[PDB]
RNA sequence: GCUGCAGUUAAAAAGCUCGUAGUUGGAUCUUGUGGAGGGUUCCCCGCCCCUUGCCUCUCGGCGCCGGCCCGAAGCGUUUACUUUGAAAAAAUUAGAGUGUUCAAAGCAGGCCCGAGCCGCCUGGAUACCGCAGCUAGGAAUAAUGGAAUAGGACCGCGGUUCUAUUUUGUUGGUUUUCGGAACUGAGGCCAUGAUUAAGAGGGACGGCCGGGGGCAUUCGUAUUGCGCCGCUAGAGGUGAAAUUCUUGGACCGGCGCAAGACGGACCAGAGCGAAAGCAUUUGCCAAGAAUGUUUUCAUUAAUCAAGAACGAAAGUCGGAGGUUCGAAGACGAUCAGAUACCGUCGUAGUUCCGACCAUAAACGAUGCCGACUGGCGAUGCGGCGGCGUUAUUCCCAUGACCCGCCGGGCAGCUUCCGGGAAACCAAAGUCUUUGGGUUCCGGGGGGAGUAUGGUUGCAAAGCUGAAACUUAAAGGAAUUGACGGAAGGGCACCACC
């Protein structure tokens, strides 16, 4: 520490690269996403850390896979946040 | 745990002032800490302070100067009856001339100098000088 | 520090102090009364006895001297105490099978100086002081 | 930190300050309710229920599209279980331990760990039973453990 | 040592964990304006919705012109705390007055007139009195309180039941009425009632991780013994020897078999476990930490007398086994002596199964939980971000190597953070500027972990635990010398070759 540093107003990601409950306001580090690949032609919305298999109603019947954190998607783009 | 919130609070601002700082971060924000620091601000030992708001309990940030030497807590909270007063303030203050024992009364939170003019005893919280 | 500072902990304080006071040496003698039972005195400042017989008592090193004490039995206990005799030639003014008056040294339990095994001294032979016998302002009453 | 291990750790969920909808979403309060009731039939318990909504459906959480929690919604029907799943999962674990302990009497480690999980039941029970969520005569024993988990 | 002590090494943290009593416990439920008292807003009436919350009234006063208004009556869910009253024997004490010759005391005494005034004046205060109980005011602080399987509001109505004794002048027979009380239905009116989710805890979920534990199974070499084959004289062992072994042949070399024991190098200031502890293969059985999560519950917590589980090695009891090492014991040396160090032989034990035993330098000689306060480079695990090499199927499956970031873990380096008697320590720091929560424990050195009684154990012992008497030192850290059958250099024919 330079022992005089500001703490009222932090840098956009040089003082918001910190742990999420050590920030001034607590934010998640997760997001939603609007998908719609071909294997299942429907505008699905899915959480980033899936935690469970997300099913498909088309020819496919799998979209995700829950790993140790985020979730590995598949061969279908479909991406957004949106906003959060 | 964090049995007493106010007691953990003052040690930060005590430690911080010694090293040479002028901004701090104290959590988790009790109403009791607010009215304490209000009285401590009037006399002039600290500057204006900003209360950040969270739903959890909030966080408070303070701007301070080297005028403060030390603010301590006294726990557990004893009673005073305006004849016990003189005995307390002798032990806890560097001098008669200045230093301020704080306490809470039914007439609100205030210094000892004010309580004597209202004829109100009550429960003692901390001190500073 | 390192101990309770509650507001309702009067019991845990006043019962702890009442226990840890007994580890003090002084307190433990006063209140058990084992002092009284073990001592040849009843706690009385002086005591009276009858002579048994003169002795010579050797000194502790470095000092070497012979210290010419007496040995005495008491009136009211019948037990035996070994008692020092003060200044030069005062031994002669104590005669065997008479009464004497004893008194502690001034250290209140412990043997004093280079003489071991002695915890008492002698002050009056028979209503007459060792001083006036020694100085010569009185004479033997016999 | 931990209540029967020496450890300390952070992994707690952190919610945003906001709490609108937010805007993007659907299934009015009422839609969410019938979506839930179907799941509880299938044996999905309240913790599982919120997960299976959050992962694949448009909710952030079911506390900002309803004025109630997931459990209170089920309770208002009368379709809530007679003991909390929290208590159930403790008791569910300890029976298998006792089976393994009968099959192997030289697994002192298992015997040790049972003392922890056992005592952790009794502490939890003394929360509910004082709050009038359990009968004030109910106790935990080998026999009552067997019957209540089945 | 409450104010106000100490526990790494000086006396001193239970071996370790669980756990009731006890003690302690997060955040959250109202502010401005005229008059009055004091400044230049701010601290008895009122106002925004509230303002000492209400009504309902009726009996006994105040009013104003039958009619109307406002004091006293029930009280604001309950306590602690604080503030004001009441009620407190004297003496003592504090303390006012008073010249005891001054004082310790004492409660007195002082004035004008020749007596001729037949008198005058004045004191004998006041304070204090732990508690607990009695009284009134305050509403911050700390406990406690309500409608979530609804009942709060209004003369809202019904259904049902009981009862009150007043009046028709009085007294009797009857019937409603009025009042009080009790219970039942359907319907209006409430913004119709849930504070947040602790950088507190519990629980679910996902992918991983580890010489963690239990059970089963697999493998290696060595050691010892046995059989067989080959060659011939010494072999063991030590500082030097000897006991001992040996032409029915040892040692040595080759080949096969059996028994028991044991997991090398790899194996590290690396990992896991509460501690004690835990390394060959593979499978099964249950368990756990960390991390990820916009999931769940909503204070469920912290530390702990009683009580409970685990707890090295040795030892005890009953069975199995017994290669190796080996207390005891028998020998050989060394020594004046040598019950020893050294060599040979060797019982118990060492191993496994079932019961006991509860102790260790069970040592980081350092309680547990929480907050705050420097820098730097690594390592193990999880997650996330990235200019690239690298694996394969040719191509972002997930692998290896490189760089950076975020958690929690074993550790290190660095310094006028600060502390300490110093050694040292980012904790042993934030301590005469002393108070975050809580448990255990210490009081000069011996006597003594002895005496004694209690308790547990088959035994061995464990736990609990004094005094008489004795003594002025015992002990810690550091510095300078001397000494060392300690280490590294150098030197002398009073040293050697």
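By Swiss-Prot numbering, chain D shows 2-151, in order.
Method of determination (from the header): electron microscopy, 3.6 Å.
Quick reminder: no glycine exception, Cβ is built from N, Cα and C everywhere.
The ubiquitin cross-link annotation in Swiss-Prot covers D:27 and is backed by similarity to another entry. Per Swiss-Prot, SUMO2 cross-link is recorded for D:43, and the stated evidence type is similarity to another entry. The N6-acetyllysine feature in Swiss-Prot is assigned to D:27. Taken from Swiss-Prot, the feature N6-succinyllysine applies to D:27, D:34. As annotated by Swiss-Prot, phosphotyrosine applies to D:38, with the evidence given as similarity to another entry.
The structure, with features from Swiss-Prot marked on it.
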residue: D:27; record: ubiquitin cross-link; contacts (Cβ under 8 Å, 6+ apart): D:59
residue: D:34; record: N6-succinyllysine; contacts (Cβ under 8 Å, 6+ apart): D:67, D:74
residue: D:38; record: phosphotyrosine; contacts (Cβ under 8 Å, 6+ apart): D:75, D:78, D:80
residue: D:43; record: SUMO2 cross-link; contacts (Cβ under 8 Å, 6+ apart): none
